[PDB]
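Chain residues, written in single-letter form:
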Amino acid sequence: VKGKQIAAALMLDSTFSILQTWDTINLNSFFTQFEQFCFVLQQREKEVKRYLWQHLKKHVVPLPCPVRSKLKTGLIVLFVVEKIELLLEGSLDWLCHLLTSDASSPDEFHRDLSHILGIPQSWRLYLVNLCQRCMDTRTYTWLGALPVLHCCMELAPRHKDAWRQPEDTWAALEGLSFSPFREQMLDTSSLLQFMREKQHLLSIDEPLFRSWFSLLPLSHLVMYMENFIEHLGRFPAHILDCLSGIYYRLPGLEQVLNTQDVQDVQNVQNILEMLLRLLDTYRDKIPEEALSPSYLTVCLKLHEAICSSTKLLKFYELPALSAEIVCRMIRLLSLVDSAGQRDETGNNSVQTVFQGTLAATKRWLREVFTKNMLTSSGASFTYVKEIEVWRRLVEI
């Protein structure tokens, strides 16, 4: 037993000594020797776990050697752990930091790995397993490990009809158990600050911001959108997807909109106001090809969901803000439907969306205004806010 363990340690030392390079033939040979390794041991586990973690602590402490690319030592370690099915159960922070790529250029981002394509292994399974462990450890380091997931996940775009597809295939988190972990960990300021110094990581991975918006800090989603407002400025195509995320929050909105609490409703209110600001201020720099006759349905559904739970009169600002948001993207999609890209998909998915918006607004108005506007005397208005609500609604 002990002799076998020392032999294993020697083999690990030899692999560490030779994986020094990774160009063309300095990884696959040791991969097919790890295959033999796994083939040997297949013919009181706490001590075994301690010894393997000692091995990891001894072969990763040189990089807290020409092995400098952390994003390859991470893959080697995770393959060793998850292929011999001897799970590492210690500081996931070290390994996750190893997968945290510091790439700053797209070509540099590619060549930083440049070899995950040459290895046709099931890296996706182990990546999903480490994400599951990131649930179970109540940590947030996987954010820096999100790009490497996008390195191995299917690097495929959308069909531009994003509102049809589910959230899992939208956020590039398919298979992984999505959003069971953030329940009652309201101390999300730690992970927010963890993002706050990773605008460099945001500038290298396009779907990374979309995924970060796809996580579920319901009450904390309001500050995130303006935190990296400069990231929105440099990349004026991720604001649209923001609404997509809010679309995927449509049920939860009803939940909070079924509470009618002043602060809980105010969260949705300033969320809508700030989304309006990031839409109107960034109108010119929106890519034309990013626009499609599919976000109009997103706004229609969001507006109809908003004007189906605000069963009061004091919350007349939410339907008005939803109408303003939908109006902003109808006027934005006008520059695509009419100017340049003349199509039959305009005009009609646009008349339908306008009709739906107006019908939802009038239905809300009927559902709030139950009594007459004159209170049996003809002097005062029964609703103190009625004229103000009318003035707000007709001037969108």
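Above this note sits the structure.
Residues numbered from 1 in each chain as written, not as in the entry; some residues may be left out. Part of a larger assembly, values for the part shown. Heavy atoms only, no water.

Asks: In this structure, what is going on with unusual backbone geometry? I would like to understand it.
Replies: What is expected of a backbone is that most residues other than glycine have negative phi and most peptide bonds are trans. Of note in the backbone geometry, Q184 takes a positive phi value of approximately 45 degrees without being a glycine. Along the polypeptide, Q184 turns up in the loop between α9 (167–170) and α10 (189–196). A positive phi is found at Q260, a non-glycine position, where the angle reads about 60 degrees. Relative to the elements of secondary structure, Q260 occurs in the loop between α16 (250–257) and α17 (262–280). Given a relative accessible area of 35%, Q260 falls into the partly exposed group. (Helix = DSSP H or I, 4+ residues; strand = E, 2+ residues; numbered from the N terminus. Buried < 20%, exposed > 50% of the residue type's maximum accessible area, 1.4 Å probe, protein only.)

Asks: Looking at this model, I keep getting lost on the nonpolar core. Mind explaining?
Replies: Where a protein is soluble and globular, its nonpolar side chains tend to be buried together. Residues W123 and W212 are the most contacted members of the largest nonpolar core, which totals 115 residues. Filtering out sequence-adjacent residues up to four positions away, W123 remains in contact with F31, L75, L78, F79, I116 and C152. Counting residues in hydrophobic clusters, the runner-up holds nine residues, among them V60, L88, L92 and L98. (Core = buried A, V, L, I, M, F, W, Y, C linked by side-chain atoms within 4.5 Å. Contact = heavy atoms within 4.5 Å.)

Asks: Would you mind showing me how to read the side chain of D112 here?
Replies: Among the secondary structure elements, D112 is positioned in helix α6 (residues 106–113). Apart from the residues lying within four places of it in its own chain, the contact partners of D112 are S69, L71 and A103.

Asks: What's the story with the side chain of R249 in this structure? I'm lost.
Replies: Looking at the element boundaries, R249 is found in the loop between α15 (238–248) and α16. An unpaired buried charge is present at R249: no salt bridge exists, and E167, the closest side chain of opposite charge, is 4.5 Å distant. In contact with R249, not counting residues within four places along its chain, are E167, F213, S214, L215, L216, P217, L218 and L221. (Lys, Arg positive; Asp, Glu negative; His and termini not counted. Salt bridge = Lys/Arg side-chain N within 4 Å of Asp/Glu carboxyl O.)

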